[PDB]
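Trainee: structure of the sequence below:
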Amino acid sequence: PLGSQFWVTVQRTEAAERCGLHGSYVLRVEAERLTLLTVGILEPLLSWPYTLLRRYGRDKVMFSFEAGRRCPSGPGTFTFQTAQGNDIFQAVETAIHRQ
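Mentor: Numbering: from 1, shown residues only. And now the structure:
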């Protein structure tokens, strides 16, 4: 009921370093935002409203999005290793289309 959830592993980017992101997380595709969660059970860390994203994309090894300046994380690129990048991408495209 909270949205589709995927285990991911963060890759080094400026924004990920600034936000202290390292290792594995759940990325959840919600109705109006993405949320990053860690094990405490799952605890939320950051959320990015779709309206505040610049772009997003994927290949067979990763999923990546770029946050604008108004996100709580600050602006920049967040990239995550996953073999489910197309699944995340489709979930996000769909949630944005529904919005």
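Trainee: contact partners for the spatially closest residue to residue 69 that is not a sequence neighbour?
Mentor: Distances taken as Cβ to Cβ, 6 or more residues apart in numbering put residue 75 closest to residue 69, at 4.5 Å, once the chain neighbours are dropped. For the C-beta atoms, the positions are set from N, CA and C on the backbone; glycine is no exception. Residues in contact with residue 75 (Cβ atoms under 8 Å, 6 or more residues apart in numbering) are 15, 66-69.
Trainee: now do residue 3
Mentor: 28-31, 35, 91, 95.
Trainee: closest one of those to residue 57?
Mentor: Taking Cβ to Cβ as the measure, residue 57 sits nearest to residue 91 out of those, at 13.6 Å.
Trainee: which helix or strand contains that closest one?
Mentor: helix 85-98 (DSSP states H and E).
Trainee: then residue 43?
Mentor: Per DSSP H and E: strand 42-49 holds residue 43.
Trainee: so what strands line up beside the next helix or strand after that strand?
Mentor: Downstream of strand 42-49, the first helix or strand assigned by DSSP H and E is strand 53-58. Here strand 53-58 has these sheet partners by DSSP bridges: strand 62-67 (antiparallel).
Trainee: so the partner strand versus helix 85-98, what angle?
Mentor: 40 degrees (axes from the mean of the first three to the mean of the last three Cα atoms, to 10 degrees).
Trainee: picking up where we left off before, kindly export the strand holding residue 43 (C-alpha atoms) in PDB.
Mentor: Output of strand 42-49 as PDB, limited to C-alpha atoms (Å, rounded to 0.1, in the frame of the first residue of the first chain):
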ATOM      1  CA  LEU A  42      12.400   0.100   7.600                       C
ATOM      2  CA  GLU A  43      12.900   3.800   8.600                       C
ATOM      3  CA  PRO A  44      12.600   6.600   6.000                       C
ATOM      4  CA  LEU A  45      15.700   8.800   5.400                       C
ATOM      5  CA  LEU A  46      14.900  11.100   2.400                       C
ATOM      6  CA  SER A  47      12.000  11.700   0.000                       C
ATOM      7  CA  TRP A  48      12.100  13.500  -3.400                       C
ATOM      8  CA  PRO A  49       8.800  14.700  -4.800                       C
END
